[PDB]
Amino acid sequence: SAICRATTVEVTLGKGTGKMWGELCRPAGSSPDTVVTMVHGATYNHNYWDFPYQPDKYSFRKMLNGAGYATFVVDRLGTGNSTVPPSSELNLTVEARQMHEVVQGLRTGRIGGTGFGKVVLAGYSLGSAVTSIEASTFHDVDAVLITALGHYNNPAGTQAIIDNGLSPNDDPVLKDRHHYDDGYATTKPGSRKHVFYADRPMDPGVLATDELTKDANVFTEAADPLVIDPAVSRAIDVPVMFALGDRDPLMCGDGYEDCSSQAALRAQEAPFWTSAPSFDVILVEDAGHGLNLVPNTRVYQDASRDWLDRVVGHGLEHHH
């Protein structure tokens, strides 16, 4: 049971700045040299990476602390407790530069006081695109965790989200937070089960908690050619882990992302990660888009932890 402090970070936004909310946690009675920064995907916020239902099972953040890593989870601008600007001011490039400012903040100690020797950047859905752009542009991270985002997507899956899209102003969870402009969307109540989790077995408590902790996105970001541009990923020169669910409705399918086997998936993605000194791949069985939220999520947590231990470590070991 971990020691945590929330803050806001001033971050570049258009001509001026905006506020990004984040939470820094350390394991209790320790001070790690590695911090893992986690970037959520579209229609999520920080809750995805620190899930408040059965956290000993579903909280990735908590698992990391328990493994001796420091963690920093953020609400992206437009979401959560962060600034909600006009949507025209937000795009992936802008958001990547904001993450770059968070990474620097963590390295220098401006965020969290201690300063961190190693910084791992972890992403999910379009969070992974932000993560990739950041690492590709600024080269100031020691490793990169890419989840739920491949270079081929399933257009029918994409289109299915759009069919279940709606303004946060007509959504019961988000109605009363802000008057959102026309560039914001979220998902229809009850739809996430299908369009994200592919109706695969999940705890009802998880589905409900996910629906209650959902959020808005700036939807034009999904159409940004940078999401799948090979120039972004091929330029990344630190260790990469790539994780994907074998029932992921947004990626997987005949002629799209190859979820037939872990090896086949690696073979298909490898050409896109040519500067990476290592490229690890995990294909999670019976899992849709949300890897943190599935019943067999521990397999994925364990593989991620093992990878971190192998490739950066946490700064508390005595090992060789």
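Position 1 is the first residue in the sequence shown; the rest follow in order.
Please compare 294-302 with 8-16 and say which has the higher mean C-alpha temperature factor in the record.
Stretch with the higher mean C-alpha B-factor: 8-16.
Given the B-factors recorded for C-alpha atoms, which segment has the greater mean, 204-212 or 153-161?
Averaging CA B-factors over each stretch, the winner is 153-161.
Select one of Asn65, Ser30, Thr43, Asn47: the residue whose C-alpha shows the highest B-factor in the crystal structure entry.
Out of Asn65, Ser30, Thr43, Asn47, the record gives the largest C-alpha B-factor to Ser30.
Looking at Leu166, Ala198, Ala243, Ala122, which has the biggest Cα B factor in the entry?
The C-alpha B-factor peaks, among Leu166, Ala198, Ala243, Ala122, at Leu166.
Is the Cα B-factor recorded for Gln268 in the lowest, middle or highest third of its chain?
For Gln268, the deposited C-alpha B-factor lands in the middle third.
Looking at the entry's B-factor column for C-alpha atoms only, identify whether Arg107 ranks in the lowest, middle or highest third of its chain.
As the PDB entry reports it, the C-alpha B-factor of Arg107 lands in the middle third of its chain.
Relative to the other modelled residues in the chain, which third contains the C-alpha temperature factor of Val284: lowest, middle or highest?
Within its chain, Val284 is a middle-third residue by C-alpha B-factor, going by the deposited values.
Going by the entry, which third of its chain does the Cα temperature factor of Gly183 land in?
Within its chain, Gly183 is a lowest-third residue by C-alpha B-factor, going by the deposited values.
Place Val74 in the lowest, middle or highest third of its chain's C-alpha B-factors, as listed in the PDB entry.
Tercile = lowest for this residue's CA B-factor.
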